[PDB]
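Q: pasting an experimental structure with its sequence.
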Amino acid sequence: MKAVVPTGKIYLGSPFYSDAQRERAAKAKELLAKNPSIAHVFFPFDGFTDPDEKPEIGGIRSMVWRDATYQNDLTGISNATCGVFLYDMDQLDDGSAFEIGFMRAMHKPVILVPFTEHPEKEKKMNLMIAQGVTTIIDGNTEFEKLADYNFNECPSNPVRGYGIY
Amino acid sequence: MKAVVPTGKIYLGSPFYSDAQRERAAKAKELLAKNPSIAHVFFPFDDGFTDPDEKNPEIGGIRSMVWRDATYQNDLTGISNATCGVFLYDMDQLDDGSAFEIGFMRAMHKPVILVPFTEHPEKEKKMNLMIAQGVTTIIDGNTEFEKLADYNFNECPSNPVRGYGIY
Amino acid sequence: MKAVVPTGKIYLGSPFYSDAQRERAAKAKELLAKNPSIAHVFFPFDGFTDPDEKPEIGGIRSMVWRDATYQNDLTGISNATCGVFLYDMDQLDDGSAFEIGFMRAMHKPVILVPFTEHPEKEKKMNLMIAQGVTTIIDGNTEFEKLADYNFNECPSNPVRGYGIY
Amino acid sequence: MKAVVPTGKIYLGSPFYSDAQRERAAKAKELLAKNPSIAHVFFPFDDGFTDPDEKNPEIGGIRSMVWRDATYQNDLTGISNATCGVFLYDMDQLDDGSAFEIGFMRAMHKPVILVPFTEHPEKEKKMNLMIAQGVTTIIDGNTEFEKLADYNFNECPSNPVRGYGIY
Amino acid sequence: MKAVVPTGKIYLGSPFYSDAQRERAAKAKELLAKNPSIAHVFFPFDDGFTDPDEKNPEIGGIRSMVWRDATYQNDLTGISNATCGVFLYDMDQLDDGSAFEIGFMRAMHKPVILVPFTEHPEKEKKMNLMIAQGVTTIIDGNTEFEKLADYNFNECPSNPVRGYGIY
Amino acid sequence: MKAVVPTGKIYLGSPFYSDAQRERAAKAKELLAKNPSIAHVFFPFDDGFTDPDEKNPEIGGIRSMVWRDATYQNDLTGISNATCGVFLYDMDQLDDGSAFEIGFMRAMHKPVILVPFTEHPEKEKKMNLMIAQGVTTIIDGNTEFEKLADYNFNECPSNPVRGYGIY
Ligand SMILES: OC[C@H]1O[C@@H](n2cnc3c(=[Se])[nH]cnc32)[C@H](O)[C@@H]1O
Ligand SMILES: OC[C@H]1O[C@@H](n2cnc3c(=[Se])[nH]cnc32)[C@H](O)[C@@H]1O
Ligand SMILES: OC[C@H]1O[C@@H](n2cnc3c(=[Se])[nH]cnc32)[C@H](O)[C@@H]1O
Ligand SMILES: OC[C@H]1O[C@@H](n2cnc3c(=[Se])[nH]cnc32)[C@H](O)[C@@H]1O
Ligand SMILES: OC[C@H]1O[C@@H](n2cnc3c(=[Se])[nH]cnc32)[C@H](O)[C@@H]1O
Ligand SMILES: OC[C@H]1O[C@@H](n2cnc3c(=[Se])[nH]cnc32)[C@H](O)[C@@H]1O
């Protein structure tokens, strides 16, 4: 069971708007970078340039750019052995959720690293995410577990203690 | 070409509970029921699984793993049987459950019809790239909702998302 | 949710050696034949002839026959919307199990109809089958449920009360 | 066993050049129309998407990315909805689009009926390994075209390719 | 061609508990550990999931749905990560768990190496068609078990099952 | 981001005829060998299965079903093990085997690098829709062949086909 070489190929999915989300991603990268079970980590926001767009994030983008960028992400999922999603429970990212469903449809494991800045609200989760994810590591209290998690086999850890939406 | 018998099997995805959202689903059903190209429609919230071993089933509480598995699988089964997905997509309150299955359906190479709804037309028209590119056909819920009754679900002609800022 | 036309396309998997197994299959067919939610039922033992085999069941078969026959079965699984397996708990059929795993890998629903002529033995099941199957209908006490089951949506019914092997 | 209703959903793949190719396609449709096992038939060249931004569109000419995506997806949607593929395979001028589709369908584990055509029945009979082993059923177009009218698409009985040299 | 680094990721499937079966798995590990083409080996029975909410975990009893889900998924995850499967197949006592994953792996188009074992060589040599055809490479456990240390898992060359009666 | 170890597993598809084709294949291997991102490279024509029952086997001649299955499966196994495909695509004589493989890989959602070659750089630039939209990255073989030595196969950056008429 002991890998002769790292085989964990990570698809790090995550929103990239607010500074918080930006901070989590930069850290998650630092953590995963210490994990000996990882061989490669892909982060989609690290892009394609359409020599025809005379372009802004959030603006109207060319179809060529859209296709190339969306494909770069699907390619990342294809090459990956598992997904790690810095999941924002406050501002739900539909892009991230899409990717989770896509990865599960491909039968790949998905580690959910939820984050919330509202401890007051009863921890609730949509069924699809709750039953779709294979392993959960609380981002607010276990973010560091990512540096040790064995990605060569991705041990399961069902979602529990969450009210199913 | 013209089908000999209805071939469309719809997986109707949509957020629920919310008053407006329930309204949409209800209207979506009526519209689909009028489509001659549809053989079957599956809506996840209709019937449910009852875990006789569940004391006071909290429709938002913890809920047993037995009910979770059985309910989740009923959804994957609907996706499996469907020929296409029709999603009543709320642009104001993004539903990750809906997004999950869109990606799940696209991974299976099945067509997905996105029906966006927004109560704030004055607000920015922006969509996540994965949704904008993942979807194969868009039908504005606020303006073309009625097209669901005429749309040919035997072939699901595509209609790329356009006119939305992308992030 | 009410189908305008039947959409249930059944892949009826089952051993076909003993007379018992042969009896169950003939009955399962009769039952399913009464179900209004079924549009078609495929039973693999209903074959290909290789005009080159100068052949016996259990004997050495030509590769052409093997390929054509195996494919006829995969084609049946491809066309099917769900599988119904007359599962023998006494004499485990690896062919049937293979097909269950194949169908689940394709995310299709699988109805397990177990049979046993040894009520004395503690009901035990292999994990993969127990967690792989989506719906179970006891063959010894609910065989008739197949005539009523709604195959247009295949309601879930997790396996319970079985010792996991 | 006997089907209560037609369940065959055919993806009719085919080059759409030379008068010979479009004529075979024509005949293919006629034959399929008379088959009681067929529920629906999709021919990629029958409809077509129209991109308003695209001016003076021409076949073989530079096309917009939007038109390309929509059209490609329409073909994949057809493959997804199909229960089996029927390819009018031109053995004289190999068509990579059809071959791409045969491979895509086999990856999805769907049956593929190959219907080869040659204007030179006397030249050597050779076939690429992937096509020869990828297809599940072969029906010669030059002498058995007509059985598309009777073939049982509810079950698609296999019939391995034999008699062709392999390269 | 020659790999720059081990690429083989094995999913070692096999029945357990039985004295002889445990022996095989143990020997299989040793043999694989000596293969230069292997980067990783996953054996389902090694480590396990503990459900802190499980009183007296009966290794054959009912067992919680939480443990079942988590354990089953650990297996599907091993199949997902693997590049190929190596199954210590007991021909005397057929293991449906092993058969399930063989089919699951073949549906994913992954290569499967079958390693049959029998304590009754005097008995009929027969194999189920699905196994005989589903498998891509066979290595007799009773006579070539040692080949597991030389086999190139970077390319998994096929070796069709032959010499077995088929039912 | 930077990979700890090479993770690119290439499926090198290519016709294996004319001296030109086998020479490109030769060069392709040389270039790939010098790419630090490549862990392994599979070329379908490098090894080969041998069927003892088969006597006087010849290329293009009638082959045994056992040889056909083994060889076809060896190619599918290669596609399964591969993280991406690289096709030395002959634009002058279309090869259905390569096209079949491109489609099979795209159905599995794997990236496909197309490397087109033409001995007539002046003739019209036209490509079949499925190939043009199916591939994720194009690298001209006639003027950019050499970048196979530097392309980042750990991530395979997309590069849509443009400049080709579509038919
Ligand atoms: O919501 C974030 C997720 O969706 C994808 N994504 C959304 N917008 C993107 C731009 Se602009 N560029 C690259 N990838 C992008 C990512 O996979 C990320 O996981
Ligand atoms: O298949 C996913 C669909 O299932 C619906 N759904 C079914 N039961 C659910 C409970 Se309880 N909680 C949250 N979502 C639930 C989602 O709206 C999604 O469209
Ligand atoms: O074990 C029985 C299962 O395996 C397949 N099968 C095994 N031997 C077969 C012969 Se001979 N002919 C046709 N199908 C056959 C069936 O799919 C059946 O479900
Ligand atoms: O992935 C399927 C493999 O899992 C093993 N397995 C893991 N835990 C199991 C319990 Se508890 N019971 C029965 N089988 C079990 C099977 O041998 C099969 O190879
Ligand atoms: O090359 C033959 C196959 O490929 C597809 N195809 C190639 N170019 C196309 C245009 Se322009 N429009 C729609 N479909 C097209 C067809 O599906 C056909 O089977
Ligand atoms: O036609 C080009 C492609 O198809 C395959 N192929 C066709 N005939 C073959 C014989 Se004979 N042996 C091994 N592979 C073979 C190759 O994978 C190549 O990419």
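A: Structure received. Residues are numbered from 1 along each chain as shown, chains lettered A, B, ... in the order given. Ligands and ions are numbered 1, 2, ... in the order given.

Q: give me the outermost residue of chain A relative to its centroid.
A: Going by CA atoms, centre = their mean, the residue of chain A most distant from its centre is residue A:54, 31.4 Å out.

Q: quick one, phi psi at residue A:86?
A: Phi and psi for residue A:86, reported as degrees, to the nearest 10, are phi -70, psi 80.

Q: what of residue A:41?
A: phi -130, psi 130.

Q: please report the distance of it from chain E.
A: 16 Å (CB to the nearest CB, to the nearest Å). For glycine as for every other residue, the C-beta is placed from the backbone atoms N, C-alpha and C.

Q: ok now stretch A:154-165, how far from the chain's centre?
A: 16 Å (CA atoms, centre = their mean, to the nearest Å).

Q: buried ones in that stretch?
A: The neighbour-count check on stretch A:154-165 (16 or more other CB atoms under 10 Å in any protein chain shown) flags A:154, A:155, A:156, A:157, A:158, A:159, A:162, A:164, A:165 as buried.

Q: what distance separates stretch A:151-161 from the centre of its chain?
A: Worked out by CA atoms, centre = their mean, stretch A:151-161 lies 14 Å from the chain centre.

Q: dump the C-alpha coordinates for that stretch into CSV.
A: Provided in CSV are the C-alpha atoms of stretch A:151-161 (Å, rounded to 0.1, in the frame of the first residue of the first chain):
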residue,chain,number,x,y,z
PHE,A,151,-3.8,11.0,-1.5
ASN,A,152,-2.4,7.8,-2.8
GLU,A,153,-5.6,6.1,-1.6
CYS,A,154,-7.9,8.9,-0.4
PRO,A,155,-9.5,7.3,2.7
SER,A,156,-13.3,7.8,2.9
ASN,A,157,-15.0,10.0,5.6
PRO,A,158,-18.7,10.5,5.0
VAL,A,159,-20.4,13.8,5.8
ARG,A,160,-22.0,13.8,9.2
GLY,A,161,-23.5,16.3,11.6
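
Q: and it, anywhere near ligand 4?
A: No. Interface with ligand 4: stretch A:151-161 contributes nothing (CB under 6 Å from any ligand atom), its closest point being 11.9 Å away.

Q: is chain E contacted by stretch A:100-110?
A: Yes. Contact of stretch A:100-110 with chain E (CB under 8 Å from any CB of the partner chain) involves A:106, A:107, A:108, A:109.

Q: from these, which land in helices?
A: Counting by DSSP state H, the residues of stretch A:100-110 next to chain E place none of their members in helices.

Q: what parts of chain A come near chain F?
A: A:5-6, A:9, A:29, A:38-43, A:46, A:48, A:64, A:67-69, A:71-72, A:74-79, A:106.

Q: pull out the buried residues from those residues.
A: Buried among the residues of chain A next to chain F (16+ other CB under 10 Å): A:5-6, A:9, A:29, A:38-43, A:48, A:64, A:67-69, A:71-72, A:74-79, A:106.

Q: circling back to that earlier point, in strands, which of the residues of chain A next to chain F fall?
A: Counting by DSSP state E, these place A:9, A:38, A:39, A:40, A:41, A:42 in strands.

Q: just give me the closest of those residues to chain F.
A: Distance to chain F across these (CB to the nearest CB) is lowest for residue A:40, with 4.2 Å.

Q: that closest one is in contact with residue F:4, isn't it?
A: Yes. Under the criterion of CB atoms under 8 Å, residue A:40 makes contact with residue F:4 at 6.7 Å.

Q: and the strands in chain A?
A: Counting by DSSP E, one finds strands in chain A at the ranges A:8-13, A:38-42, A:82-88, A:110-115, A:124-125, A:135-136, A:163-164.

Q: would you list those in TSV and tack on distance to ligand 4?
A: Formatted as TSV, those follow (distance: least, CB to the nearest ligand atom, whole Å):
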stretch	distance to ligand 4
strand A:8-13	20
strand A:38-42	24
strand A:82-88	17
strand A:110-115	18
strand A:124-125	27
strand A:135-136	17
strand A:163-164	27
